[PDB]
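Here are the chains, one letter per residue:
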Amino acid sequence: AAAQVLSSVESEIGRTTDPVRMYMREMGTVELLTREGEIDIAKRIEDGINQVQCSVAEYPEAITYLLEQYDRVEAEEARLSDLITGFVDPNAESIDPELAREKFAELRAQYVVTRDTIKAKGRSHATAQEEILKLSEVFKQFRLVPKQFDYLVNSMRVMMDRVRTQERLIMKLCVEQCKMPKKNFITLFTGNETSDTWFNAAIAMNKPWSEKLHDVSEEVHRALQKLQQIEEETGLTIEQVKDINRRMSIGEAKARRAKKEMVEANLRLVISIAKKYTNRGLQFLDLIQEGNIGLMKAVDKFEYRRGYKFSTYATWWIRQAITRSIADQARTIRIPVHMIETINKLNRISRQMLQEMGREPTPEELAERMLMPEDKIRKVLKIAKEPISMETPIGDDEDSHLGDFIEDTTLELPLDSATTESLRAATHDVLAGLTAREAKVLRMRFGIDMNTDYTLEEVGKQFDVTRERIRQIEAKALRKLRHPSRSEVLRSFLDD
Amino acid sequence: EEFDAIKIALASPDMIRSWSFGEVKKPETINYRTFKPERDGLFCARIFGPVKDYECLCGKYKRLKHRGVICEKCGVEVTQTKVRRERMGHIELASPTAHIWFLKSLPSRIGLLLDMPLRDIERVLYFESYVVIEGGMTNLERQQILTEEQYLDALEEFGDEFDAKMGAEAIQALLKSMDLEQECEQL
Amino acid sequence: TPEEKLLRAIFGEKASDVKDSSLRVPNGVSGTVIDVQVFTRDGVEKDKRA
Amino acid sequence: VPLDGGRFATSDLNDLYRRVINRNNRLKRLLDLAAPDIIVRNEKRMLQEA
């Protein structure tokens, strides 16, 4: 009952642009699997996680980097930061150095007993393979905290992307130059994996189309030198690395498929919670998206070993997500979650106060019942107000809106501008009428028609080292400016 | 300054980026305690300039003489208030968007240039059905609509050559891959 | 502005930073006050005026 | 700007830009976390509507 529903909806929609109906159609195709689907999805997710853990255990460079980071964080002998919480911290199927050493002793022993058995007849020896299998079985019982697990996964992804980029660059430099078949190239590259003996065999072969090879022979080895350096830095076989990468990719694909199936199955629960929480807020679409994000964050941390129902956990996570979204978003100004909770508590108290008394809750009684000062209550009542729209009509008639009803008190007015212009013109005229050096010192001290306002020592170092003479000149200029015959025109600016 | 004519044309993305002097990421307008804009808000003082007349955000840069000095704490260029009047911002989007008024306005110039009715491009943009951008095989060609079931039926058969995207990306790829001179000659 | 600073240094007045936002009578209105009404909250005292 | 009645006067265009920015941030968070196909389509439709 999937194709017929889609066909009927597409034939019935008369160019309707309702996102709610589109979302309901997209989520209505997947049905529910009660008590039998979620368990299988969780089992497949755990199987994928175990496959990823096995692929990591078969990749000893990750364990080497982990041990190096542990040695770096322990070399200071005093470190109890948040980095310890992101370590392995295995579970028994708070933190203390004793148990850490007790659990890492056998790990270090296995590491040092496996590192010595690498040169034993090669990397594919029977004893070496058994030791690697034992190390992997031991590592499988260690659950990694996602804090550093995400960093390790990102590092492995970066390494795999670099390897694939080098391989693609080599393939391009081969194809775009010599037009070589992929079947005769990838096969030899996988079979040899050591040197350029396949290149010598291709040269020995006739290949009439491969005569144009001397112009790219100098670049083939230069490009393969990067792969040789990568192999020397890693020190592992190419076949095992490719197998680990393929297994990790398959596991990640299965995990993503299981997560998508769980999300498509719980979309109906998400929309049911949205209907149970039908508040206008910002919009129903934003609330549905927040619920979906919460559902994904819950699935990324959910397990079926608790023996309970995923419905309650998903509901709690969706409620938390919606609360955070309505506290942060769905408002003009940003209000913190703590302030929102305090406002909600004050409203719940005022609801009972009005039900018991019948009058608006006074701030004094509210502060006495809340055991808080009246200043906080007053500030909350002042700030908690929804901003008024800009297109609200001032009167009953919808003729003139609130577009032009506010005065511009930010910029100045022509009155003060003309007053300041007349004042500066009068001061300039007075300075021009006075002595030259006096006006120069007054302009360099206060900043009339000058950018920088020099101090006493600056004006001194510019004009005369004696700072007392500059002070005397400034005082004489001020005393001459305070003369009534010359201040009769400046007394009018006493108010300004 | 005296302009001769008034030209109207389509705006370029890089030109819109050059018009702005910063990107707006957080939708915060103001704080409930202080009316100072957030350092990444809508009308932030770093992107659109100072609020007051030649005054920084933290009120440290007095002495108006200091002009064009970027602060190390708030980072507000000390200029006049009218700077905010003649400047705009930009928003970096993740997925491209189709201009609504370019196809909703009659006579649906997008549908005229693409030779496709309005209902089809509406179903494509609103993610109701998929469209083939360019088909190398002899099965389908450009401007072919496939539903959800048809897309899955056609995707399991072939691969690595069936080019199809969703709405805005598909339309952008079609507009980029199309040639105007060949279509004009054909018409 | 430096001009106002020089003027204040010349006159030497205090000129305290106090705004003047008092209520004035609109222009062209010459009448008589019947009765005034002072409304305050419970926290602020009547201040010997109300 | 704050109104004379001690309250704030917002603009509808500010709210529209806030909605657009919120939807863009949600789309970025969904793309960075590998959101499912249905959720990505719904978020893109919401961004187009915004």
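Looking at the method and resolution fields of the entry, one finds cryo-EM and 4.5 Å.

Recorded in the entry header as its title is "Structures of class II bacterial transcription complexes".

A UniProt comment under Subcellular location is attached to chain A, and it reads "Cytoplasm". Quoted verbatim from the Sequence similarities heading of the UniProt record, the comment on chain A is "Belongs to the sigma-70 factor family. RpoD/SigA subfamily."

Our next topic: the overall build of chain B. For chain B, the count of helices and strands is eight helices and three strands. Ordering the α and β elements of chain B from the N terminus gives α-α-α-α-α-β-β-α-β-α-α. Split into buried and exposed, the 187 residues of chain B put 30% on the buried side. Within chain B, counting contacts between residues at least 6 apart in sequence, those at least 24 apart form 51% of the total. Each charge class in chain B can be summarised by its mean position, and for the 26 positive and 33 negative side chains these summaries are 20 Å apart.

Another point: the packing of helix α12 (residues 284–299) of chain A against helix α2 (residues 37–49) of chain D. Following both chains from N to C, one finds α12 of chain A and α2 of chain D inclined at 150 degrees, their axes separated by 11 Å at the closest point. Considering the angle they form, α12 of chain A stands roughly antiparallel to α2 of chain D. When the axes of α12 of chain A and α2 of chain D are compared, the crossing they make is left-handed. Mapping the contact onto sequence places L285, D286, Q289 and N292 of chain A in α12 of chain A and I39, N42, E43, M46 and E49 of chain D in α2 of chain D.

Most contacts, compared over the four pairs of chains touching, are made between chains A and D. A minimum C-alpha distance of 9 Å separates chain B and chain C, which share no contact. No part of chain C reaches chain D; the closest C-alpha pair between them is 13 Å apart.

Here the focus is the interface of chain A and chain D. Across the contact, 29 residues belong to chain A and 30 residues belong to chain D. Summed over both partners, the interface of chain A with chain D comes to about 2,700 Å²; 59% of that surface belongs to carbon and sulfur atoms. Summed over the three residues of chain A that lose the most area to chain D, namely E26, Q289 and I388 of chain A, the buried surface amounts to 21% of that side. Applying the counting criterion to the chain A and chain D interface returns three salt bridges. Between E26 of chain A and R45 of chain D there is a salt bridge, with the nearest N and O atoms lying 3.2 Å from each other. There are ten residue pairs in polar contact connecting chain A and chain D. Of all the secondary structure elements, the ones that give two or more residues to the side of chain A that touches chain D are α2 (19–28), α11 (238–276) and α12 of chain A. Looking at the side of chain A that touches chain D element by element, the count peaks at seven residues for α12 of chain A.

This part covers a negative patch on the surface. On the surface, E412, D416, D495 and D496 of chain A, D53 and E55 of chain B together with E4 and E13 of chain C cluster together into a patch of negative charge. With respect to the element layout, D495 of chain A can be found in the segment after α21 (484–487).

Facing 18 residues of chain B, the contacting portion of chain D comprises 16 residues. Surface buried jointly by chain B and chain D totals about 1,600 Å² across both partners, of which 67% is contributed by carbon and sulfur atoms. Taken together, chain B and chain D are joined by six residue pairs in polar contact. In terms of residue class, the side of chain B that touches chain D is made up of twelve nonpolar, two polar and four charged.

Cut-offs used in this document
Residues numbered from 1 in each chain as written, not as in the entry; some residues may be left out. Chains lettered and ligands numbered in written order. Part of a larger assembly, values for the part shown. Heavy atoms only, no water. UniProt positions renumbered as here; feature names shortened; annotations may be inferred. Helix = DSSP H or I, 4+ residues; strand = E, 2+ residues; numbered from the N terminus. Buried < 20%, exposed > 50% of the residue type's maximum accessible area, 1.4 Å probe, protein only. Contact = heavy atoms within 4.5 Å. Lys, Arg positive; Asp, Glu negative; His and termini not counted. Charge placed at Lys NZ, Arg CZ, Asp CG, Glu CD. Axes fitted to C-alpha atoms, helices over the stretch in contact; angles between N-to-C directions. Parallel < 35°, antiparallel > 145°, perpendicular 65-115°, else oblique. Left-handed = near helix turned anticlockwise from the far one by under 90°. Buried area = accessible area lost by both parts, 1.4 Å probe. Salt bridge = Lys/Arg side-chain N within 4 Å of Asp/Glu carboxyl O. Polar contact = N/O pair within 3.5 Å; in protein donor to acceptor, adjacent residues only side chain to side chain. Patch = residues over 30% accessible without salt bridge, like charges linked within 9 Å, V, L, I, M, F, W, Y side chains within 5 Å. Areas by Shrake-Rupley, 256 points an atom, 1.4 Å probe, with all protein chains shown as cover. Nonpolar A, V, L, I, M, F, W, Y, C, P; charged D, E, K, R; others polar.

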